[PDB]
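These notes are about the structure you will find just below.
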Ligand SMILES: COCC(CCO[C@H]1CC[C@@]2(C)C(=CC[C@H]3[C@@H]4C[C@@H]5O[C@]6(CC[C@@H](C)CO6)[C@@H](C)[C@@H]5[C@@]4(C)CC[C@@H]32)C1)COC
Ligand SMILES: COc1ccc(CCN(C)CCC[C@](C#N)(c2ccc(OC)c(OC)c2)C(C)C)cc1OC
Ligand SMILES: Nc1ncnc2c1ncn2[C@@H]1O[C@H](COP(=O)(O)OP(=O)(O)NP(=O)(O)O)[C@@H](O)[C@H]1O
Ligand SMILES: [Mg+2]
């Protein structure tokens, strides 16, 4: 027990890992480290040189004020201005150079790190033991290959460079502000820190609201998942409003939390602007108060104020960039957990022995095995067997005996706890695993061919052979010979290219017969010593089976072979047959020997013989008409913003002019002016605050509303679709749930909030331009011509960042798809030992991709650096022109700084709208997908349409008639299920539809319920076609009891009343279902929760609840689609008691696999390939000695 349990956990134990940036940045080797260092240095420099613009602005402001006061001569003013303009030019050039190098080197280093991570991941995944790989959920490895490596690459991409730039900018801004003027900087820092620690409550509230909304939509998404999975039951019982009301109850909680989200976002975005203008006014006021003692001047006050705000504003950029770093580290924590895990079997190394002159003899001695997933069941117990060279052995038995467990033990996929497996007397645990797998050839039931030429697919089996590295002509001859010996040359010659044709997604797609023969050729070409045939003809068509079986027999006449045959006629001439029952060998010997013993083999042969004998924005705005009451004020607060920012610029210009003091004699007057305007700069600062407290709020509210509708309607548009919509491969339950999660959420980027923000930004930009032109037309015209440049730069910074974000995902697609292809077929890869070749191909692909990607990036990084450096040049031109204007008297210091602050506000307000650009990158896509979903309408089976003859209960006879019905499943229209089916149920008949499996007897339920319409033919209820009846009332007449009982999450009373068409009909139905006793025995009454929690119920009680649900509506036609073909024998009797009572008094159509139930049917119909072969009662069918007789004999033997 201790050793066994330790082995079973160690085979599957996935140890966790906590990754950091040390692990990610240690992927560099040697001279690559310098690149990383260089990148960071550049980033830091590109962040430290940015707040020097505040220094140069302060110096130019001081020069302008001094010249206006009359302190210095024209020549001095011109020379100083020109020197400051040169300083802007130098700063712009430096910003360009360092931004280029920082971005390029960060991207290159991220490419290198992620490529190393990808290589290590694929190498590690390929060489894990199969037990761990099976444990990994479906699609986990492919998601780690495709969508977890991009996150790692982003975490160390230019995003971390921008985070470092933001931190450096904050540090440098604080340093500049404290070095130039420390007293005012200290006062401003104290006030800002106080106002931030005072806004910590609002941030906490916003994060809480986000978390609560996420949880509420998680509950809503669980309701959506259960409805889609149980869409048949909901369609049959008309539970399309019940599911929608359970969904709407949870997407109305998300709206309630979105109202807190809106309030918190409005408060936070108002606090951020309160800090801005409060600091501005306080800086100017306290600087004037300190000037009466320091003579600091306007320059130092402006430098300190600008540096403080600059530093604070960039804190937001650091947080957004650091989000990517945190997400990347979490993805690394995942990928490094798997990369570091050591496999249970050391197949990567070359440790082990290699048998020379391998004969091909195998020996199992008391082999015992328990799978790691289920450590309590012994799948294989005391397995003993000896296979001499040349002996073809056959493993037979019922499903779950453990036949494929022997092959899994041989191939080292799983570990055997006790016993001993010997290859020519050498223990299997002391042999090289890759060599062991090379000495065998595994031919599975489902053949896997990879996306390559048939020549390459066949050569995939030459790994580790003596012919692995030979001249290509010898390889071509070998492939030709192997394809001839596999009966594959015949159809290969027919194809145009021949051996070079590409079998895979791209190129021709072959039938199982061709794919299986190519797999046989790939197996034979290696000349194996042991052949493992695991049902190589199980899924094959009967006609194809002949050619392939011939190939398999010719292959296996001369090698040690272990045949697991689905058809026992193929293994009659096997040298030895072993019968397995629950992992134990019951008998072994020749065909004639076992038959004379009349044991399990005799029964299996008899059953086989019997079976053989029987056989865009305006659209969403129009949808959300409610936003019309959130767009009447938003065009009035915008007007207020358009009259508040120009006023703010005017006041700022007046305050700067007030500082034109020649000496200490002007300090009193200045102070008075400073005071007065600083009052207005507050009174107009608060008004705008109020606007933000409303405006942002409305934005978020609007968005929330839209999302809610885009959820509700979308769900209401999925429940409307007919079953053919849900049969399509794309419309999986998980896919539809993910679409409901994503698209309604993502369409929030083109809501009324975006329109309001765009309108506000446009109004502010236009108001700034108008104010600048009115104040001084000579200056406003240049401001009008610099604003297009200053806005394009701000937009294209975001656009190029988006391009950098998209490149990572769009570039590693030709290579991630290859890895997902070779990993989705991982047992085939492992058994061929194609692990090294796949590693070499994938590594070469991504190594080429790195070199391509660096040169791809450099071109865009050039433009990004140019845009980043553009701003100081614009400021230099503006200041030079302004100084030339003050020279000629055509402008005033007040007018110049009013224009400057106006264009500053315009560019800061238009940069709020550009941050919406990434969102509209996805929202647009979402919008078009949602429009298709809303427009999707079922062809004929529509529940919402009120067109059709309604049914009258008084005249409702309840008879059914399928007249000349033929039907094909739309997914596979080639294969017919029903052909020319003529069938009649008279009213009140208890009819049973028995038949061989695959006869399409269960499709009659779908046709009567009108899940589908017949391709050609008619279905009539009481002489009236069902296509002319109202679907809702028709389905209310019917009732359905499915094979596996479905109970939607909720109380027992709710599930039982789903089929209600008074609290006493429900009791009566529960009594008729023999379930009321169990209900009264529950801790509570009918309020007990069943779905997904509460008192769990057995299959019998679930089926009885389903029967009561069907019974409440008092149906005239009860459709029992194998209501007991899921129950154990003991439970089946009470469920059958419930079923028999329901049949009395109404038309009942029972499809049953256990023909004991249908023994009391008035008329029994037997199906065969979709047509009614035999009809009549039980005794007459028995006397007929036909297909029903064979079925009852088969059921008697099968047990
Ligand atoms: C699951 O959660 C998902 C998440 C939900 C929202 O999370 C919030 C977390 C806090 C965070 C990052 C958010 C918005 C504004 C951010 C603030 C701006 C302020 O600016 C400063 C500096 C400048 C000052 C003037 C004002 O204060 C900072 C101290 C303040 C700040 C950086 C503190 C952190 C805030 C988003 C994202 O969803 C898209
Ligand atoms: C022109 O291109 C851009 C220009 C500026 C920006 C920066 C965006 N700003 C940080 C938005 C500031 C928002 C904010 C408000 N309200 C604000 C701050 C300062 C402002 O003037 C100094 C301001 O004027 C409206 C607004 C604060 C809440 C932060 C980005 C740009 O591209 C994304
Ligand atoms: N990876 C696994 N983890 C746990 N149990 C497993 C695993 N694989 C198979 N089993 C169970 O082990 C038993 C034997 O499985 P298996 O060896 O596949 O039998 P089989 O006779 O080859 N099946 P079949 O090919 O359908 O006739 C059954 O109970 C299986 O459900
Ligand atoms: Mg099997």
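Numbering (full-length UniProt numbering), first residue to last: 32 to 646, 698 to 1143, 1151 to 1288. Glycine included, each C-beta is placed from N, C-alpha and C at the ideal position.
Kindly examine ligand 4 and report whether one of its heavy atoms sits closer than 7 Å to the Cβ of residue i.
i, result
"residue 565", "yes"
"residue 595", "yes"
"residue 434", "yes"
How should residue i be labelled, buried or exposed, when 16 other C-beta atoms within 10 angstroms of its C-beta is the threshold for buried?
i, result
"residue 1234", "exposed"
"residue 822", "buried"
"residue 65", "exposed"
"residue 829", "buried"
"residue 730", "buried"
"residue 445", "buried"
"residue 346", "exposed"
"residue 1289", "There is simply no residue 1289 to check, as the chain begins at 32 and stops at 1288 in what is shown."
In the DSSP output, what is residue i paired with across the bridge?
i, result
"residue 534", "483, 539"
"residue 576", "According to DSSP, residue 576 bridges with nothing at all."
"residue 615", "612"
"residue 424", "593, 607"
"residue 1133", "1178"
"residue 394", "417, 453"
If you follow the beta strand (DSSP E) that residue i is part of, which residue opens it and which one closes it?
i, result
"residue 472", "471-474"
"residue 1236", "1236-1240"
"residue 1264", "1260-1265"
"residue 1051", "1042-1051"
"residue 1256", "1252-1257"
"residue 445", "Premise fails: residue 445 is in no beta strand (DSSP E) and is neither H nor E."
For ligand 1, I want to know if residue i counts as a neighbour, meaning its beta carbon is within less than 7 Å of at least one of the ligand's heavy atoms.
i, result
"residue 248", "no"
"residue 343", "yes"
"residue 89", "no"
"residue 235", "no"
"residue 241", "yes"
If you measure from the CB of residue i, is any heavy atom of ligand 2 nearer than 7 Å?
i, result
"residue 189", "no"
"residue 300", "yes"
"residue 1298", "Since the first residue shown for the chain is 32 and the last is 1288, residue 1298 is missing from the structure and cannot be characterised."
"residue 994", "yes"
"residue 304", "yes"
"residue 307", "yes"
Name the two residues that bound the continuous alpha helix (DSSP H) containing residue i.
i, result
"residue 1010", "999-1017"
"residue 147", "105-157"
"residue 1100", "Per DSSP, residue 1100 belongs to no alpha helix (DSSP H); it is in the beta strand (DSSP E), 1098-1103."
"residue 823", "815-828"
"residue 451", "Looking at the DSSP string, residue 451 is not in any alpha helix (DSSP H); the run it does join, the beta strand (DSSP E), is 449-454."
"residue 1279", "1276-1287"
"residue 939", "917-970"
At a threshold of 7 Å, does residue i count as lining ligand 3 (C-beta to nearest heavy atom)?
i, result
"residue 404", "yes"
"residue 146", "no"
"residue 165", "yes"
"residue 431", "yes"
"residue 410", "yes"
"residue 428", "yes"
Across the region 1003-1021 and the region 1204-1212, are there enough close Cβ pairs to call them in contact, namely three or more that are closer than 8 Å? no
Assess, as a yes-or-no matter, whether the region 114-130 is touched by the region 864-881 under the definition of 3 or more beta carbon pairs within less than 8 Å. no
Between the region 137-146 and the region 182-202, are three or more C-beta pairs nearer than 8 Å? yes
I want to know whether the region 1041-1060 touches the region 1240-1255 - three or more CB-CB distances under 8 Å. no
Are the region 856-866 and the region 981-996 touching, with three or more C-beta to C-beta distances below 8 Å? yes
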